[PDB]
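*Asks:*
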Amino acid sequence: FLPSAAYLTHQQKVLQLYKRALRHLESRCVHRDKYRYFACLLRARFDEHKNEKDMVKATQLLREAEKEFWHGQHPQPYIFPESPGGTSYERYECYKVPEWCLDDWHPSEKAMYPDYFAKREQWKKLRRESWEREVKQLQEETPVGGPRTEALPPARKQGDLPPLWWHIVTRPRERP
Amino acid sequence: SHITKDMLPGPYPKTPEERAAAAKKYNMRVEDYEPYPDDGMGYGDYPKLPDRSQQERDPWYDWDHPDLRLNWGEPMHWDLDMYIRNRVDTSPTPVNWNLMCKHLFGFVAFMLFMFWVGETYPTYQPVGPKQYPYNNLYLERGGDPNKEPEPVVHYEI
Amino acid sequence: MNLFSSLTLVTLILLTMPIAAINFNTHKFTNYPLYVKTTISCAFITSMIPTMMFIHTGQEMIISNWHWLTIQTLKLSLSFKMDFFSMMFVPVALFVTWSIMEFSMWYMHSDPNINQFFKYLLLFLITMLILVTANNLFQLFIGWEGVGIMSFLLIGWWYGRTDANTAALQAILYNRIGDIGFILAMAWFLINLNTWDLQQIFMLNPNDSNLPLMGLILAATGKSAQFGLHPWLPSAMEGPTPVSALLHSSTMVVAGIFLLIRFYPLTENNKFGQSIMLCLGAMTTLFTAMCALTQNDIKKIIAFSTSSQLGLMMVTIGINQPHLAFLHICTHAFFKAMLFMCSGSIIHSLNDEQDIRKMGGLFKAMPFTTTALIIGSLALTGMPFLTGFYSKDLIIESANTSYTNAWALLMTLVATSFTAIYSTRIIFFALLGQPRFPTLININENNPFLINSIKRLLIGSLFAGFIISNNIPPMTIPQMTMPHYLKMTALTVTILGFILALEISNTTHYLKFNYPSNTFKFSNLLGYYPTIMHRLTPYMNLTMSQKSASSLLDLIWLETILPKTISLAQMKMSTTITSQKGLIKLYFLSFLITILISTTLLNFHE
Amino acid sequence: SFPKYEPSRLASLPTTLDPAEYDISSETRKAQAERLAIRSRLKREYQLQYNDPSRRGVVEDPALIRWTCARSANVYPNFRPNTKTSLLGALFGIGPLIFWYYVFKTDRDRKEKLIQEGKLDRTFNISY
Amino acid sequence: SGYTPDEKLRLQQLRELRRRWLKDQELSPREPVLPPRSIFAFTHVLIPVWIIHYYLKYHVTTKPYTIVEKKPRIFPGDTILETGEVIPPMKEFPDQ
Amino acid sequence: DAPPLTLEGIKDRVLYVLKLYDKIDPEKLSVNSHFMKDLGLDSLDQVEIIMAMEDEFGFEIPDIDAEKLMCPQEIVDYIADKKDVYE
Amino acid sequence: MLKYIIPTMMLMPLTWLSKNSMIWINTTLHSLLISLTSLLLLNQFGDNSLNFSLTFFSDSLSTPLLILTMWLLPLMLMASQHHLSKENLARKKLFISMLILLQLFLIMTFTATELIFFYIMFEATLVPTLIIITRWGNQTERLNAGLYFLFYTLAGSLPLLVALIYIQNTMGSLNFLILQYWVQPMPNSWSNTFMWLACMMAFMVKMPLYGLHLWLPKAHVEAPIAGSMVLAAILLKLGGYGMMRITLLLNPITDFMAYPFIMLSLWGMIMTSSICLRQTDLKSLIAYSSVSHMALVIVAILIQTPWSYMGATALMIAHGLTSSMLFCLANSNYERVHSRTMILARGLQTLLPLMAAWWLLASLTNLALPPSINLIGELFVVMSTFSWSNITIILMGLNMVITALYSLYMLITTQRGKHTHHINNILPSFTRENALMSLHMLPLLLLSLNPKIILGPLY
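If you want it as structure tokens, here you go:
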């Protein structure tokens with residue numbers, strides 16, 4: 002469950018467990034000083050049997066760590082007020098009007114806003130001009146028939162913008 | 002357009018060609034495609050899924066439909082309308098499920114039991130009744146201005 | 001009096017101009033918030049007069065006009081009565097909402113959809129007023145569903161945010177449970193007493209008061225967030241901040257028990273009913289008390305607190321003391337209006353953190369709201385003797401001095417101790433600790449609007465409870481004659497809660513790493529009730545609508561029973577009859593068997 | 001130290017204690033890589049058909065159309081009447097119907113015989 | 001681990017493009033927009078009072094069974110304004 | 002209530018809270034200096050630094066990013082992706 | 001009323017001999033003039049109905065329905081552009097003339113003297129709607145939908161003719177006045193049971209009840225907007241009107257044989273509210289909403305209180321207006337995106353800001369807006385059925401809860417939460433849609449002011 006690869010790592014699983022354990026330990030422990038104490042305690046707990054070179058014992062004790070962690074989870078974690086499930090989560094989505102719009106204004110409102118609309122027009126000409134040949138030559142020639150990744154190489158050789166740029170660059174501000 | 006081969010007539014037999022065409026049309030791995038099977042409950046030959054899919058599909062993947070958890074190409078779940086966030090939270094619970102239901106029902110039974118014990122055991126205080134002056138508010142209770150005046154009086158104690 | 005009726009009707013009518021004004025605008029306004037603020041102030045300066053004329057005079061009057069459907073033996077007009085509680089309750093709501101207008105000028109200062117916001121908020125106030133003035137019960141039903149749907153809109157103000165529309169759906173569903181209770185009461189009133197008119201109802205009080213009282217109980221638990229029907233209240237706290245302040249400070253939260261106050265000669269009888277009243281309220285009080293501990297969302301904390309105060313008012317309805325409950329409405333209204341406004345000032349001034357995790361040290365971070373919050377959480381439980389003394393403590397005095405449950409008194413005991421201890425906890429975790437919030441601070445509360453709002457509501461929180469409690473006629477017999485540990489017992493419970501939460505804070509200072517002993521779990525996972533019910537009951541109807549309704553009763557089985565059998569029967573009779581291959585001997589042998597079977601089997605000549 | 005967190009159809013099972021993310025042999029590595037190739041191909045086709053500046057209309061997802069057409073029209077085939085399906089149908093359609101029919105029998109017989117006795121609460125019962 | 005340098009190159013081009021876009025969103029021609037083209070409180074507190082007080086006298090009191098009081102309270106020390114007679118007050122109190 | 006940021010100030014604050022940390026030096030503290038390249042500190046301690054970044058700025062950065070920051074320049078770049086302050 | 005029939009005969013060749021870009025304004029204008037002309041109708045007073053001729057007589061049951069029909073015509077006649085602008089002028093004239101002929105048979109149906117004339121104009125109402133939905137159905141099973149529609153409505157409505165001829169030759173003439181005066185109780189034989197089941201079953205099929213409502217979803221998902229609104233509002237409430245008139249006779253046996261229809265109506269109302277809670281294809285949600293409200297209407301008919309009849313006709317008129325409005329909202333969504341589904345078109349709070357006001361108002365009118373006519377109807381039906389039985393209020397309130405639920409979910413599925421940011425072809429909100437909504441909802445609020453019109457003859 003990731004864009005580029007297929008499996009995380011063993012170390013990446015351990016690392017995600019460390020981050021979530023640190024977060025749940027934050028949510029468990031108030032006053033921040035005994036929290037720093039118990040955080041160094043958990044850092045030493047990972048220092049206990051870190052440096053072994055086994056595989057089966059490593060994944061077995063990692064499983065037992067997951068068991069004693071799912072016991073030791075705090076039930077209502079302090080997630081930040083930008084996280085999914087948090088407090089904002091597109092709080093200001095009321096003013097996140099998409100950018101494909103605004104062409105369908107009456108041109109009196111275009112007479113209200115001359116400079117921004119002329120510059121958006123030259124952005125649109127930059128969009129259309131550098132679109133078909135080079136970008137689709139990359140996206141039809143440069144990979145294998147199996148793409149096997151969700152990334153994309155940039156326009157690395159000569160000329161125009163790196164491919165498929167539009168609805169990732171031209172996006173709302175996420176904060177009006 | 003819309004080819005007729007993008008509908009789904011017929012069930013899962015036979016196992017080479019049906020599973021082949023299901024992996025074709027459903028964009029899935031062959032053994033990842035699973036029929037239900039058919040039990041006379043319609044369903045065609047629609048894929049069986051891991052059936053939770055909404056408190057799964059963790060949000061930081063940044064797919065295309067953020068409040069749908071789709072990817073623009075998926076086997077959509079057959080019972081997807083019950084699954085979406087704002088409808089049913091299929092989360093992993095913090096503790097259990099059976100421990101939850103048993104302790105909630107035990108708490109309800111305890112509180113209602115002590116309510117019935119209270120309903121047979123009232124409070125009362127060393128206070129007599131209220132000695133209303135005029136036949137317990139007669140003519141200001143139900144009335145009868147000439148039917149039944151009754152002699153009853155309190156004595157001072 | 002023409003003056004008296006005219007001023008009450010213009011307190012109604014001055015909350016009608018701004019909506020049609022902006023609907024008739026066809027221009028671009030700027031100071032429409034100022035316009036709504038000054039017309040709410042005008043409504044308050046009009047409505048201050050009739051209460052003074054009332055307690056000076058009495059003269060408790062009803063108005064009624066514009067009748068329609070004089071069809072059968074009833075007629076219903078737009079009809080409302082200015083009486084004791086229904087008259088003195090209006091200016092409290094006006095003044096509280098005027099403060100909320102100020103706080104919404106500050107809170108939503110950088111969001112240009114404020115005009116539609118104030119239109120929804122004003123229309124909500126109008127609907128709440130039409131609710132609380134009426135005696136014609138259909139007008140109560142109008143205001144009832146109207147404040148339900150305006151509550152829907154105000155919760156779901158922020159479109160997007162699946163929390164918001166989820167919450168609003170939950171709230172409106174539980175209010176339809178209130179609706180089925182209320183229409184059951186309406187149906188019984190119509191069929192047995194020819195109308196729903198409290199004059200005729202209280203003129204003819206029957207002894208069978210069981211089915212309408214059960215409808216009243218169901219409407220009360222649907223409106224007033226009670227045991228089993230509470231969890232739309234923290235869910236409702238997931239809306240915006242002055243939304244929640246207006247929505248669960250005075251309006252929309254007391255309207256369930258307001259109806260039970262309104263039906264007091266009807267509930268003079270049926271002591272079975274008052275037993276159900278006080279037992280239900282005690283259940284709410286202790287359940288939300290035990291749930292109220294171990295929670296770290298301040299809005300949800302004040303929601304649990306006001307749910308406990310509603311539970312004490314349900315107890316106050318259970319004992320024959322409705323006027324103490326109404327006085328508790330007024331005091332509670334000023335009180336938690338000021339409290340929500342203060343905490344929301346803090347949260348909006350500190351980058352929308354809102355959580356007790358990463359909240360701690362805000363003492364001498366700006367002192368005005370700290371003074372506000374300590375006056376609030378000290379006036380909670382009634383530090384003797386203040387406004388919150390009067391309501392809550394006359395409640396517990398009449399409760400202990402009654403023919404009570406002998407279990408409900410213990411519920412009020414333990415839950416009053418519990419609300420003392422989370423009051424201490426919310427003060428200590430809000431102000432006193434180390435300042436835990438990140439750098440690049442926005443520490444400010446300089447605003448004339450906010451200081452005048454907090455100002456005038458704490459000034460109301462000092463005096464207005466005593467002023468209201470003094471100059472009212474005692475409609476009950478006051479007990480006033482208590483033994484030892486029956487009048488001092490409120491102070492006893494609050495001081496022991498102060499000591500118990502003090503030593504809890506002393507253990508909180510320590511470094512121990514206590515373990516979750518699963519009362520932690522039952523208190524912090526909401527009593528398991530929203531989790532269990534919202535994974536059980538949405539699964540039920542959505543599973544039955546799939547299996548039974550969609551794929552098992554209507555479509556496939558009904559299309560097999562009516563069209564399929566007929567259509568296949570006619571298709572098979574066609575494919576058997578018209579599929580005769582074209583011979584000749586077959587046709588003349590058919591002629592022969594026709595002639596013979598007409599002659600000798602079923603004769604026609606005989 | 002823990003009761004291993006029993007799952008249900010309501011309560012989900014979290015992604016940590018699977019335990020299928022432990023003995024991940026190269027067959028399952030290959031399967032995850034193939035699934036990644038599937039999602040890569042789908043998102044590549046989508047992003048090709050999506051970022052076109054000359055494009056005006058909708059994206060026309062055939063998966064959504066397939067789910068809708070399967071959900072509405074492709075139910076009635078395929079059908080076979082099983083005895084278990086038929087008995088479950090006649091229980092979920094006729095059971096509550098005859099249940100509420102018995103209770104309307106009961107309440108109406110009680111009320112009509114009570115008013116035939118004449119001892120109703122019809123002190124005034126106008127709005128019938 | 002870390003980035004592949006293709007991702008670094010791609011991402012720095014998106015740095016340049018996204019900065020140019022968000023700066024271009026920042027408008028200032030010194031003028032974003034351009035348009036081509067006591068008595069208040071007096072009316073808003075007197076006029077509905079006038080209309081309703083006119084409405085509440087004449088038409089609505091000619092409708093007969095309209096607005097009605099709950100009667101004022103008279104005490105054994107009171108007297109009637111209109112007709113005029115006192116009520117003979119209560120007798121002796123003692124041992125209060 | 003929203004004070005906008007700046008590129009130089011956010012670089013200064015990132016390098017500030019890095020300089021508060023123990024096992025690196027204030028001597029050679031470069032924005033354009035990696036972690037595994039010259040400093041040699043742990044990946045564990047690297048994600049501890051990531052947690053310090055999040056606890057300053059109040060939002061998660063996800064796991065597929067969390068492998069591939071490795072230097073303060075890309076840290077400042079990714080928080081500039083999140084908050085999007087490009088005057 | 002003949003002065004209402006004859007300008008509709010004059011309105012047909014208007015469409016023919018008006019030229020290009022001239023048919024449209026003339027038809028719209030003149031049908032609005034007819035809406036004024038039959039707004040002048042309501043002379044009805046006191047003791048009897050307004051009764052003029054061997055040809056005509058009108059009750060105050062027939063009065064608001066007839067006004068509703070002639071008011072719903074020009075609104076619809078404007079509503080049915082944008083899907084035949086690219087079609088031929090001659091085919092356009094055929095479409096509009098078919099609508100006018102359908103209106104003419106509706107007025108003929110509402111002002112019938114004898115019930116034979118009512119039956120003739122009943123299946124005359126039946127016939128052209130078929131032609132409308134089949135010639136412009138715009139989905140691949142308009143075949144199956146029209147076939148189901150005509151076969152159910154004929155073969156349910158077929159023994160009604162036999163029973164009416166039987167009542168003709170057993171009790172003299174079939175005019176509603178003398179039948180009102182020459183009714184007599186026909187007690188519990190079995191032939192009385194068959195005859196009652198024939199008449200009531202024909203109109204049951206027209207409502208539809210839950211037993212054979214299956215034609216109704218296909219007939220609204222596979223129909224154009226004009227035939228959909230005519231079908232739902234005028235045809236289903238016409239079936240209710242017809243049952244209201246024929247139920248005057250056959251009083252003594254309805255206590256014996258009216259129980260199971262009540263049963264199927266109540267349990268199918270609950271099951272219909274269940275099945276519309278989950279389905280996609282937004283257009284169908286209004287159809288199952290109609291099935292639920294007309295099950296409530298049928299309960300209101302078969303209990304026989306004047307409270308019940310007044311609430312019944314209130315619910316008739318209110319759901320006619322609400323369902324026609326909500327059909328036109330679904331048509332606007334289908335003009336925006338070519339989907340007809342439910343989960344695809346999302347967002348729409350940002351885009352089309354005052355369209356949200358109309359969706360909110362429509363879901364309020366489904367939601368029993370607290371002074372609306374819908375709530376008046378539902379409320380008085382609950383009153384009369386709680387008089388009829390003290391335990392049936394459970395199903396009524398469960399219907400109320402689920403009704404609020406699916407109406408709210410119909411709102412927040414489409415116009416709440418996230419714009420899908422890949423659609424990018426919606427035009428801004430036309431003045432046509434907002435004009436049609438102002439034509440829908442201002443009369444509903446005016447009737448919400450003084451509803452003494454919309455209450456029936458037992459006012």
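Protein chains in written order, with PDB author numbering: chain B9, 2 to 177; chain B8, 2 to 158; chain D5, 1 to 606; chain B4, 1 to 128; chain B6, 1 to 37, 67 to 125; chain AB, 2 to 88; chain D4, 1 to 459.
Using N, Cα and C, we set each Cβ at its ideal position, and we do this for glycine too.
How long is the line joining the alpha carbons of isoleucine 427 (chain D5) and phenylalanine 449 (chain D5), rounded to whole angstroms?
*Replies:* Taking the straight line joining both Cα atoms gives about 25 angstroms.
*Asks:* Taking the alpha-carbon of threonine 68 (chain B4) as reference, which of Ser339 (chain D4), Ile412 (chain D4) and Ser448 (chain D4) has the nearest alpha-carbon?
*Replies:* Closest by alpha carbon: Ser339 (chain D4).
*Asks:* Can you give me the C-alpha to C-alpha distance between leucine 445 (chain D4) and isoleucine 373 (chain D4), rounded to a whole angstrom?
*Replies:* One C-alpha to the other measures close to 9 angstroms.
*Asks:* Mark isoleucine 25 (chain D4) as exposed unless 16 or more other C-beta atoms lie within 10 angstroms of its C-beta, in which case mark it buried.
*Replies:* Exposed, because fewer than 16 other Cβ atoms sit within 10 Å of the Cβ of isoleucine 25 (chain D4).
*Asks:* Span of the alpha helix (DSSP H) holding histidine 82 (chain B6)?
*Replies:* Its alpha helix (DSSP H) spans residues 68–91.
*Asks:* Would you say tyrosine 210 (chain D4) and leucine 65 (chain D4) are within 8 angstroms of each other, going by their C-beta atoms?
*Replies:* No, they are not a contact pair.
*Asks:* Kindly examine ligand 2 and report whether one of its heavy atoms sits closer than 7 angstroms to the Cβ of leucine 164 (chain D4).
*Replies:* As for ligand 2, it is missing from this structure, which has no ligand bound.
*Asks:* Strictly below 8 angstroms CB to CB, what residues from chain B9 border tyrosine 22 (chain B4)?
*Replies:* By Cβ distance, chain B9 contributes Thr60 and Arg64.
*Asks:* Show which residues of chain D4 have a CB atom less than 9 angstroms away from the CB atom of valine 98 (chain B9).
*Replies:* The answer, in chain order, is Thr350, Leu351 and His419.
*Asks:* Distance, Cα to Cα, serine 567 (chain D5) vs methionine 257 (chain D4)?
*Replies:* Rounded to whole angstroms, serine 567 (chain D5) to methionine 257 (chain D4) spans 30 angstroms at the Cα level.
*Asks:* Go to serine 79 (chain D5), then tell me how far its beta strand (DSSP E) extends in each direction, as first and last residue.
*Replies:* Unbroken beta strand (DSSP E) run through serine 79 (chain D5): 76–82.
*Asks:* Determine the closest residue to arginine 35 (chain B4) out of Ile4 (chain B8), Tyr37 (chain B8), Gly74 (chain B8) and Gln56 (chain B8), with distance taken between C-alpha atoms.
*Replies:* Ranking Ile4 (chain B8), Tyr37 (chain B8), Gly74 (chain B8) and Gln56 (chain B8) by Cα distance to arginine 35 (chain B4) puts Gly74 (chain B8) first.
*Asks:* Counting Cβ pairs closer than 8 angstroms, one from the segment 70–83 of chain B6 and one from the segment 134–143 of chain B9, do we hit at least three?
*Replies:* With a cut-off of 8 angstroms, the segment 134–143 of chain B9 and the segment 70–83 of chain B6 do not count as touching, because too few Cβ pairs lie within range.
*Asks:* In terms of DSSP beta bridges, what is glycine 361 (chain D5) paired with?
*Replies:* Paired residue(s): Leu432 (chain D5).
*Asks:* Could you name the residues of chain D4 that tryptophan 101 (chain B9) contacts, counting a contact when the two beta carbons are closer than 7 angstroms?
*Replies:* Here the neighbours are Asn424.
*Asks:* Measuring CB atoms only, is the segment 103–111 of chain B8 touching the segment 565–579 of chain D5, in the sense that at least three cross pairs come out at less than 8 angstroms?
*Replies:* Touching, no.
*Asks:* Establish whether the CB of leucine 427 (chain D4) and some CB of chain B9 are separated by less than 8 angstroms.
*Replies:* Cβ-Cβ to chain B9 under 8 angstroms: yes for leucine 427 (chain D4).
*Asks:* List, in chain order, every chain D5 residue whose beta-carbon is nearer than 9 angstroms to that of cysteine 95 (chain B9).
*Replies:* Those are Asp111, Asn113, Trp157, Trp158, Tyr159 and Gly160, listed as they occur along chain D5.
*Asks:* Closer than 8 angstroms, CB to CB, is residue 612 (chain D5) near chain AB or not?
*Replies:* Examination of residue 612 (chain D5) is not possible in this model, given that chain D5 is present from 1 through 606 alone.
*Asks:* What in chain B4 is Cβ-close to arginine 30 (chain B8), meaning under 9 angstroms?
*Replies:* Chain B4 residues near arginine 30 (chain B8): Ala31, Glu34, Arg35 and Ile38.
*Asks:* Please work out which residues of its chain come closer than 7 angstroms, Cβ to Cβ, to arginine 24 (chain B9), disregarding the five sequence neighbours upstream and downstream, and give them in chain order.
*Replies:* So the qualifying residues of the chain are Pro78.
*Asks:* Can you tell me the Cα-Cα spacing of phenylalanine 124 (chain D5) and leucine 236 (chain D4), whole angstroms?
*Replies:* Those two C-alpha atoms are separated by around 37 angstroms.
*Asks:* For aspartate 23 (chain AB), which residues from the same chain have a beta carbon less than 8 angstroms from its beta carbon, with the 5 sequence-adjacent residues on both sides left out?
*Replies:* Correct list: empty, nothing qualifies.
*Asks:* Taking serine 40 (chain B4) as the reference, which of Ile80 (chain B9), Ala152 (chain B9) and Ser84 (chain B9) has the closest Cα?
*Replies:* For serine 40 (chain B4), the nearest C-alpha among the options comes from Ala152 (chain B9).
*Asks:* With respect to the alpha helix (DSSP H) encompassing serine 551 (chain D5), which residues constitute its N-terminal and C-terminal limits?
*Replies:* Run containing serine 551 (chain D5): none; DSSP gives neither H nor E here.
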